[PDB]
Amino acid sequence: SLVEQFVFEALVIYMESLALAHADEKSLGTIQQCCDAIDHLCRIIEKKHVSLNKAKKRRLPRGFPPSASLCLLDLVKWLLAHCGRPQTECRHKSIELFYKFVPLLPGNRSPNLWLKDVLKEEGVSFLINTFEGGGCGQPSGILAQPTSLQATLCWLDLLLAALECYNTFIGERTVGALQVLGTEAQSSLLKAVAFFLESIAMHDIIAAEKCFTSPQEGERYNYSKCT
């Protein structure tokens, strides 16, 4: 009864806990603890899902501020909207698990055609929902170059999350690269290429923003650049 009542809230709560752990310090092992926790969660819900497959009015989680009868598809589209997140490896685990949950839908597996049916409404919103990266979609990265080292790290790992999303999408072979390349006007990759022109392997110390070595402790900046 309680798992029918209280799981999806626990799922979302543990995923922002993991997001917070990514935000503060990814070196600590809390990531693996919550990862195995959500592993237990996904295993138990994939064992028993038909009750969750229907729309049963459950307690509203933190997400989905409108109230409705809780369904599996509800948190499906919830996690779909909750991609493109700065916590790039938290997001990576979330999207891998999501790609595993998509076939768990009763009448639908996860072929490319199902994603195309989903995408039929998302002619161009796909460029922002999955790619909030690139400078808040785009403009922040343009603004990032003039204007703050932590902000540069934020934009950098945002680009990392966006490109990881791209890698996951193309790796599943469920979507072509030309579906986003050329079809819809995206310049995040072009801005990244300009960033490699201006920053990668010569600007290892300065971001050319003129607003900011061990006194700066830019070593984690260097490691993020290498990443």
# chains A, B, ... in the order shown; residues from 1 in each chain; ligands from 1
>>> closest_atom_pairs(of="region 84-151 of chain A", to="region 46-67 of chain A", cutoff="10 Å", atoms="only C-alpha atoms", output="Markdown table")
| residue | atom | partner | partner_atom | distance |
| --- | --- | --- | --- | --- |
| A:100 | CA | A:46 | CA | 10.0 |
| A:101 | CA | A:46 | CA | 8.0 |
| A:104 | CA | A:46 | CA | 7.0 |
| A:105 | CA | A:53 | CA | 7.2 |
| A:106 | CA | A:53 | CA | 7.3 |
>>> residues_around(residues="residue 184 (chain A)", least_positions_apart="4", cutoff="9 Å", atoms="only C-alpha atoms", output="list in words")
residues 123, 124, 127, 179 and 180 of chain A
>>> residues_around(residues="residue 111 (chain A)", least_positions_apart="3", cutoff="8 Å", atoms="only C-alpha atoms", output="PyMOL selection string")
chain A and resi 114-115+174
>>> write_last_selection(atoms="C-alpha atoms", output="PDB file, in the first residue's frame")
ATOM      1  CA  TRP A 114       7.871   6.229 -30.124  1.00  0.00           C
ATOM      2  CA  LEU A 115      10.299   9.101 -29.611  1.00  0.00           C
ATOM      3  CA  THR A 174      16.848   6.307 -31.492  1.00  0.00           C
TER       4      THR A 174
END
>>> residues_around(residues="region 145-156 of chain A", least_positions_apart="2", cutoff="7 Å", atoms="only C-alpha atoms", output="PyMOL selection string")
chain A and resi 135+141-143+158-160+208-209+211-212+221
>>> atom_distance(atom1="CA of residue 136 (chain A)", atom2="CA of residue 84 (chain A)")
9.6 Å
>>> select_by_dssp(residues="chain A", states="alpha helix (DSSP H)", output="PyMOL selection string")
chain A and resi 2-5+8-24+30-47+50-53+72-81+88-101+112-119+126-129+139-144+149-171+188-198+219-226
>>> atom_distance(atom1="CA of residue 85 (chain A)", atom2="CA of residue 161 (chain A)")
6.5 Å
>>> atom_distance(atom1="CA of residue 21 (chain A)", atom2="CA of residue 3 (chain A)")
25.4 Å
>>> residues_around(residues="residue 102 (chain A)", least_positions_apart="5", cutoff="12 Å", atoms="only C-alpha atoms", output="CSV table (one decimal) with N, CA and C atoms, in the first residue's frame")
chain,number,residue,atom,x,y,z
A,46,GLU,N,10.0,-1.8,-11.4
A,46,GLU,CA,9.9,-2.6,-12.6
A,46,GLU,C,9.4,-4.0,-12.3
A,53,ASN,N,1.2,1.8,-13.4
A,53,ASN,CA,0.9,2.0,-14.9
A,53,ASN,C,-0.4,2.8,-15.0
A,72,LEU,N,2.4,6.4,-14.1
A,72,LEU,CA,3.8,6.2,-14.5
A,72,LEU,C,4.2,7.2,-15.6
A,73,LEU,N,3.3,7.5,-16.6
A,73,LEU,CA,3.6,8.4,-17.6
A,73,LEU,C,3.8,9.8,-17.1
A,75,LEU,N,5.5,10.7,-14.2
A,75,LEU,CA,6.9,10.9,-13.9
A,75,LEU,C,7.8,10.6,-15.1
A,76,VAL,N,7.3,9.9,-16.1
A,76,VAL,CA,8.0,9.7,-17.4
A,76,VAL,C,8.2,11.1,-18.0
A,77,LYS,N,7.2,11.8,-18.3
A,77,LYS,CA,7.3,13.1,-18.8
A,77,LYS,C,8.0,14.1,-17.9
A,79,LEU,N,10.6,13.3,-15.8
A,79,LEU,CA,12.0,13.1,-16.0
A,79,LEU,C,12.4,13.6,-17.4
A,80,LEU,N,11.5,13.5,-18.4
A,80,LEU,CA,11.8,14.0,-19.7
A,80,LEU,C,12.0,15.5,-19.6
A,95,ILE,N,19.0,10.0,-17.1
A,95,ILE,CA,18.6,9.7,-18.4
A,95,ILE,C,18.9,8.3,-18.8
A,96,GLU,N,20.0,7.7,-18.4
A,96,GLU,CA,20.1,6.2,-18.6
A,96,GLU,C,19.0,5.4,-18.0
A,97,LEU,N,18.7,5.7,-16.8
A,97,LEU,CA,17.6,5.0,-16.1
A,97,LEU,C,16.2,5.3,-16.8
A,107,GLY,N,2.0,-0.6,-23.2
A,107,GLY,CA,1.7,-0.8,-24.6
A,107,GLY,C,2.8,-0.2,-25.5
A,108,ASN,N,3.9,0.4,-24.9
A,108,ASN,CA,4.9,1.0,-25.7
A,108,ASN,C,6.3,0.6,-25.2
A,109,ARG,N,7.1,0.2,-26.1
A,109,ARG,CA,8.5,-0.1,-25.9
A,109,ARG,C,9.3,1.3,-26.1
A,110,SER,N,10.6,1.2,-26.3
A,110,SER,CA,11.4,2.4,-26.6
A,110,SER,C,12.0,2.2,-28.0
A,111,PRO,N,11.3,2.3,-29.1
A,111,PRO,CA,11.9,2.4,-30.4
A,111,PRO,C,12.0,3.9,-30.8
A,112,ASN,N,12.7,4.1,-31.9
A,112,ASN,CA,12.8,5.5,-32.4
A,112,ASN,C,11.4,6.1,-32.8
A,114,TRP,N,8.5,5.7,-31.3
A,114,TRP,CA,7.9,6.2,-30.1
A,114,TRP,C,8.4,7.6,-29.8
A,115,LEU,N,9.7,7.8,-29.8
A,115,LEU,CA,10.3,9.1,-29.6
A,115,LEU,C,9.9,10.1,-30.7
A,118,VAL,N,6.5,11.3,-29.8
A,118,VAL,CA,6.7,12.3,-28.8
A,118,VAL,C,7.1,13.6,-29.4
>>> closest_residue(among="A:1, A:87, A:138, A:224", to="residue 31 (chain A)", atoms="only C-alpha atoms")
A:87
>>> closest_residue(among="A:125, A:162, A:24, A:70", to="residue 189 (chain A)", atoms="only C-alpha atoms")
A:162
>>> decode(residues="region 12-58 of chain A", atoms="N, CA and C atoms", output="PDB file, in the first residue's frame")
ATOM      1  N   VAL A  12      11.747  11.455  -6.688  1.00  0.00           N
ATOM      2  CA  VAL A  12      12.150  12.807  -7.034  1.00  0.00           C
ATOM      3  C   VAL A  12      13.024  13.397  -5.933  1.00  0.00           C
ATOM      4  N   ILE A  13      12.689  13.136  -4.666  1.00  0.00           N
ATOM      5  CA  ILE A  13      13.430  13.740  -3.570  1.00  0.00           C
ATOM      6  C   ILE A  13      14.862  13.232  -3.566  1.00  0.00           C
ATOM      7  N   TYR A  14      15.042  11.927  -3.773  1.00  0.00           N
ATOM      8  CA  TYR A  14      16.389  11.391  -3.844  1.00  0.00           C
ATOM      9  C   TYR A  14      17.133  11.903  -5.066  1.00  0.00           C
ATOM     10  N   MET A  15      16.443  12.190  -6.172  1.00  0.00           N
ATOM     11  CA  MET A  15      17.217  12.699  -7.296  1.00  0.00           C
ATOM     12  C   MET A  15      17.648  14.148  -7.074  1.00  0.00           C
ATOM     13  N   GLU A  16      16.837  14.992  -6.409  1.00  0.00           N
ATOM     14  CA  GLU A  16      17.469  16.292  -6.154  1.00  0.00           C
ATOM     15  C   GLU A  16      18.482  16.213  -5.028  1.00  0.00           C
ATOM     16  N   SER A  17      18.376  15.243  -4.119  1.00  0.00           N
ATOM     17  CA  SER A  17      19.449  15.067  -3.149  1.00  0.00           C
ATOM     18  C   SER A  17      20.753  14.741  -3.862  1.00  0.00           C
ATOM     19  N   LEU A  18      20.681  13.857  -4.858  1.00  0.00           N
ATOM     20  CA  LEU A  18      21.850  13.550  -5.674  1.00  0.00           C
ATOM     21  C   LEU A  18      22.311  14.778  -6.450  1.00  0.00           C
ATOM     22  N   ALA A  19      21.365  15.588  -6.927  1.00  0.00           N
ATOM     23  CA  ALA A  19      21.717  16.820  -7.621  1.00  0.00           C
ATOM     24  C   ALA A  19      22.452  17.783  -6.698  1.00  0.00           C
ATOM     25  N   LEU A  20      21.991  17.894  -5.452  1.00  0.00           N
ATOM     26  CA  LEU A  20      22.668  18.727  -4.466  1.00  0.00           C
ATOM     27  C   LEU A  20      24.071  18.210  -4.192  1.00  0.00           C
ATOM     28  N   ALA A  21      24.216  16.889  -4.068  1.00  0.00           N
ATOM     29  CA  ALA A  21      25.533  16.302  -3.850  1.00  0.00           C
ATOM     30  C   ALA A  21      26.461  16.588  -5.024  1.00  0.00           C
ATOM     31  N   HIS A  22      25.921  16.566  -6.243  1.00  0.00           N
ATOM     32  CA  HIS A  22      26.703  16.975  -7.404  1.00  0.00           C
ATOM     33  C   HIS A  22      27.089  18.443  -7.311  1.00  0.00           C
ATOM     34  N   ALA A  23      26.162  19.283  -6.854  1.00  0.00           N
ATOM     35  CA  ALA A  23      26.417  20.717  -6.796  1.00  0.00           C
ATOM     36  C   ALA A  23      27.523  21.050  -5.802  1.00  0.00           C
ATOM     37  N   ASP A  24      27.489  20.446  -4.614  1.00  0.00           N
ATOM     38  CA  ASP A  24      28.447  20.832  -3.583  1.00  0.00           C
ATOM     39  C   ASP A  24      29.813  20.197  -3.822  1.00  0.00           C
ATOM     40  N   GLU A  25      29.869  18.868  -3.857  1.00  0.00           N
ATOM     41  CA  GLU A  25      31.142  18.171  -4.008  1.00  0.00           C
ATOM     42  C   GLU A  25      30.863  16.794  -4.588  1.00  0.00           C
ATOM     43  N   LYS A  26      31.311  16.566  -5.820  1.00  0.00           N
ATOM     44  CA  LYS A  26      31.150  15.270  -6.461  1.00  0.00           C
ATOM     45  C   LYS A  26      32.191  14.255  -6.011  1.00  0.00           C
ATOM     46  N   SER A  27      33.209  14.683  -5.260  1.00  0.00           N
ATOM     47  CA  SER A  27      34.241  13.753  -4.817  1.00  0.00           C
ATOM     48  C   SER A  27      33.705  12.785  -3.770  1.00  0.00           C
ATOM     49  N   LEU A  28      32.821  13.259  -2.896  1.00  0.00           N
ATOM     50  CA  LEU A  28      32.270  12.417  -1.845  1.00  0.00           C
ATOM     51  C   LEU A  28      31.426  11.296  -2.441  1.00  0.00           C
ATOM     52  N   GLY A  29      31.334  10.190  -1.708  1.00  0.00           N
ATOM     53  CA  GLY A  29      30.679   8.998  -2.197  1.00  0.00           C
ATOM     54  C   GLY A  29      29.178   8.955  -2.069  1.00  0.00           C
ATOM     55  N   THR A  30      28.544  10.025  -1.575  1.00  0.00           N
ATOM     56  CA  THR A  30      27.091  10.037  -1.406  1.00  0.00           C
ATOM     57  C   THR A  30      26.371   9.732  -2.715  1.00  0.00           C
ATOM     58  N   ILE A  31      26.990  10.098  -3.840  1.00  0.00           N
ATOM     59  CA  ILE A  31      26.435   9.799  -5.157  1.00  0.00           C
ATOM     60  C   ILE A  31      26.190   8.306  -5.316  1.00  0.00           C
ATOM     61  N   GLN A  32      27.149   7.470  -4.913  1.00  0.00           N
ATOM     62  CA  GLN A  32      26.965   6.035  -5.113  1.00  0.00           C
ATOM     63  C   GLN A  32      25.893   5.482  -4.180  1.00  0.00           C
ATOM     64  N   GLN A  33      25.783   6.030  -2.964  1.00  0.00           N
ATOM     65  CA  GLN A  33      24.735   5.582  -2.053  1.00  0.00           C
ATOM     66  C   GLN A  33      23.353   5.876  -2.618  1.00  0.00           C
ATOM     67  N   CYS A  34      23.117   7.119  -3.040  1.00  0.00           N
ATOM     68  CA  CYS A  34      21.805   7.420  -3.601  1.00  0.00           C
ATOM     69  C   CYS A  34      21.604   6.730  -4.944  1.00  0.00           C
ATOM     70  N   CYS A  35      22.690   6.428  -5.659  1.00  0.00           N
ATOM     71  CA  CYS A  35      22.570   5.694  -6.910  1.00  0.00           C
ATOM     72  C   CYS A  35      22.088   4.272  -6.671  1.00  0.00           C
ATOM     73  N   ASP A  36      22.649   3.585  -5.676  1.00  0.00           N
ATOM     74  CA  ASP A  36      22.137   2.251  -5.387  1.00  0.00           C
ATOM     75  C   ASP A  36      20.746   2.320  -4.773  1.00  0.00           C
ATOM     76  N   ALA A  37      20.433   3.402  -4.056  1.00  0.00           N
ATOM     77  CA  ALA A  37      19.077   3.579  -3.543  1.00  0.00           C
ATOM     78  C   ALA A  37      18.066   3.653  -4.681  1.00  0.00           C
ATOM     79  N   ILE A  38      18.328   4.513  -5.667  1.00  0.00           N
ATOM     80  CA  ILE A  38      17.426   4.597  -6.805  1.00  0.00           C
ATOM     81  C   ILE A  38      17.507   3.345  -7.665  1.00  0.00           C
ATOM     82  N   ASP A  39      18.598   2.583  -7.572  1.00  0.00           N
ATOM     83  CA  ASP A  39      18.629   1.268  -8.203  1.00  0.00           C
ATOM     84  C   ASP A  39      17.615   0.335  -7.553  1.00  0.00           C
ATOM     85  N   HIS A  40      17.570   0.328  -6.221  1.00  0.00           N
ATOM     86  CA  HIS A  40      16.541  -0.436  -5.524  1.00  0.00           C
ATOM     87  C   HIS A  40      15.159   0.033  -5.946  1.00  0.00           C
ATOM     88  N   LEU A  41      14.989   1.349  -6.056  1.00  0.00           N
ATOM     89  CA  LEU A  41      13.715   1.924  -6.475  1.00  0.00           C
ATOM     90  C   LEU A  41      13.303   1.438  -7.858  1.00  0.00           C
ATOM     91  N   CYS A  42      14.207   1.530  -8.833  1.00  0.00           N
ATOM     92  CA  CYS A  42      13.842   1.156 -10.193  1.00  0.00           C
ATOM     93  C   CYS A  42      13.583  -0.338 -10.289  1.00  0.00           C
ATOM     94  N   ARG A  43      14.363  -1.143  -9.564  1.00  0.00           N
ATOM     95  CA  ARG A  43      14.130  -2.580  -9.563  1.00  0.00           C
ATOM     96  C   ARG A  43      12.759  -2.914  -8.991  1.00  0.00           C
ATOM     97  N   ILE A  44      12.401  -2.303  -7.860  1.00  0.00           N
ATOM     98  CA  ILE A  44      11.132  -2.664  -7.243  1.00  0.00           C
ATOM     99  C   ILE A  44       9.955  -2.138  -8.059  1.00  0.00           C
ATOM    100  N   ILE A  45      10.110  -0.998  -8.739  1.00  0.00           N
ATOM    101  CA  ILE A  45       8.975  -0.509  -9.514  1.00  0.00           C
ATOM    102  C   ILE A  45       8.847  -1.273 -10.823  1.00  0.00           C
ATOM    103  N   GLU A  46       9.958  -1.755 -11.384  1.00  0.00           N
ATOM    104  CA  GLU A  46       9.862  -2.574 -12.580  1.00  0.00           C
ATOM    105  C   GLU A  46       9.406  -3.989 -12.265  1.00  0.00           C
ATOM    106  N   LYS A  47       9.557  -4.433 -11.016  1.00  0.00           N
ATOM    107  CA  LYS A  47       8.930  -5.685 -10.610  1.00  0.00           C
ATOM    108  C   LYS A  47       7.415  -5.545 -10.576  1.00  0.00           C
ATOM    109  N   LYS A  48       6.921  -4.485  -9.943  1.00  0.00           N
ATOM    110  CA  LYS A  48       5.489  -4.238  -9.793  1.00  0.00           C
ATOM    111  C   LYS A  48       5.202  -2.841 -10.327  1.00  0.00           C
ATOM    112  N   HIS A  49       4.633  -2.771 -11.528  1.00  0.00           N
ATOM    113  CA  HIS A  49       4.384  -1.499 -12.188  1.00  0.00           C
ATOM    114  C   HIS A  49       2.952  -1.303 -12.650  1.00  0.00           C
ATOM    115  N   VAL A  50       2.166  -2.372 -12.804  1.00  0.00           N
ATOM    116  CA  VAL A  50       0.843  -2.259 -13.414  1.00  0.00           C
ATOM    117  C   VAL A  50      -0.075  -1.374 -12.585  1.00  0.00           C
ATOM    118  N   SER A  51       0.044  -1.430 -11.258  1.00  0.00           N
ATOM    119  CA  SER A  51      -0.694  -0.497 -10.415  1.00  0.00           C
ATOM    120  C   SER A  51      -0.225   0.933 -10.648  1.00  0.00           C
ATOM    121  N   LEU A  52       1.084   1.128 -10.790  1.00  0.00           N
ATOM    122  CA  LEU A  52       1.618   2.437 -11.134  1.00  0.00           C
ATOM    123  C   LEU A  52       1.403   2.780 -12.599  1.00  0.00           C
ATOM    124  N   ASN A  53       1.176   1.774 -13.447  1.00  0.00           N
ATOM    125  CA  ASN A  53       0.914   2.035 -14.858  1.00  0.00           C
ATOM    126  C   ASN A  53      -0.360   2.845 -15.034  1.00  0.00           C
ATOM    127  N   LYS A  54      -1.385   2.541 -14.247  1.00  0.00           N
ATOM    128  CA  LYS A  54      -2.603   3.329 -14.273  1.00  0.00           C
ATOM    129  C   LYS A  54      -2.389   4.654 -13.547  1.00  0.00           C
ATOM    130  N   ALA A  55      -3.311   5.582 -13.777  1.00  0.00           N
ATOM    131  CA  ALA A  55      -3.287   6.879 -13.111  1.00  0.00           C
ATOM    132  C   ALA A  55      -4.017   6.736 -11.782  1.00  0.00           C
ATOM    133  N   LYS A  56      -3.259   6.522 -10.713  1.00  0.00           N
ATOM    134  CA  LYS A  56      -3.807   6.418  -9.368  1.00  0.00           C
ATOM    135  C   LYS A  56      -3.472   7.695  -8.615  1.00  0.00           C
ATOM    136  N   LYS A  57      -4.485   8.313  -8.016  1.00  0.00           N
ATOM    137  CA  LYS A  57      -4.276   9.568  -7.305  1.00  0.00           C
ATOM    138  C   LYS A  57      -3.404   9.317  -6.082  1.00  0.00           C
ATOM    139  N   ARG A  58      -2.139   9.700  -6.176  1.00  0.00           N
ATOM    140  CA  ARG A  58      -1.179   9.566  -5.095  1.00  0.00           C
ATOM    141  C   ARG A  58      -0.800  10.952  -4.585  1.00  0.00           C
TER     142      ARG A  58
END
